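The chains referred to below are lettered A, B, ... by the order of the sequence lines, with proteins before strands, and numbering in each begins at 1. Values below: all heavy atoms of this structure, side chains included; hydrogens, waters and symmetry mates excluded.
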There are 2 protein chains.
Amino acid sequence: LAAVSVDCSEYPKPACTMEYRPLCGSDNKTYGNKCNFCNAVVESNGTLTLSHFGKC
Amino acid sequence: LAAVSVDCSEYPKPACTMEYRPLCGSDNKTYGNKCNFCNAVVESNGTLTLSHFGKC
């Protein structure tokens, strides 16, 4: 429909610095920040997606 | 599928200024603007999403 999304295209970033803004993956883990989230979302291939913004 | 989305990643913004562009959350409330929407979308953890662009 409409949605509220994270863009992960220009990830993975080897080096990247990121207040504190966590995410909560499919997996029920709280991803520190977006660079933590979207890299693992590439190194996951499919078995990670965003269950929501914030901590779990 | 395809969708028309709002990116909330680099929220919450403590200070932020935002014409007038409302959103309409899951909850059937009209969120003044995007900074109003995406902060509450973090401080909601999951129980807020976008039902559509515009006022309700």
Nearest atoms (heavy-atom pairs only) where A:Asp7 meets A:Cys38: O-SG, 3.8 Å
Do other residues, nucleotides or ligands put more than 12 heavy atoms under 6.0 Å from the CD atom of A:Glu43? no
Listed partners of A:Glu10 passing salt bridge (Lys or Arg N to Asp or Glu O under 4.0 Å), at least two apart: A:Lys13
With sequence neighbours left out, what residues match B:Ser44 under side-chain hydrogen bond (donor to acceptor under 3.5 Å, both in side chains)? none
Please output the side-chain donor-acceptor pairs of residues 48-56 of chain B that fall under 3.5 Å, not counting sequence neighbours, one pair per line with the distance.
| unit_1 | atom_1 | unit_2 | atom_2 | d |
| --- | --- | --- | --- | --- |
| B:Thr49 | OG1 | B:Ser26 | OG | 2.7 |
| B:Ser51 | OG | B:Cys24 | O | 2.7 |
| B:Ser51 | OG | B:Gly25 | O | 2.9 |

Proximity of residues 28-36 of chain A to chain B, residues having a non-hydrogen atom under 4.5 angstrom: A:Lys34
Closest non-hydrogen atom pair, B:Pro14 against B:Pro12: CD-O, 3.3 Å
Under a 4.5 Å heavy-atom cutoff, which of B:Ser9, B:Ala2, B:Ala3 has the most pairs with chain A? B:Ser9
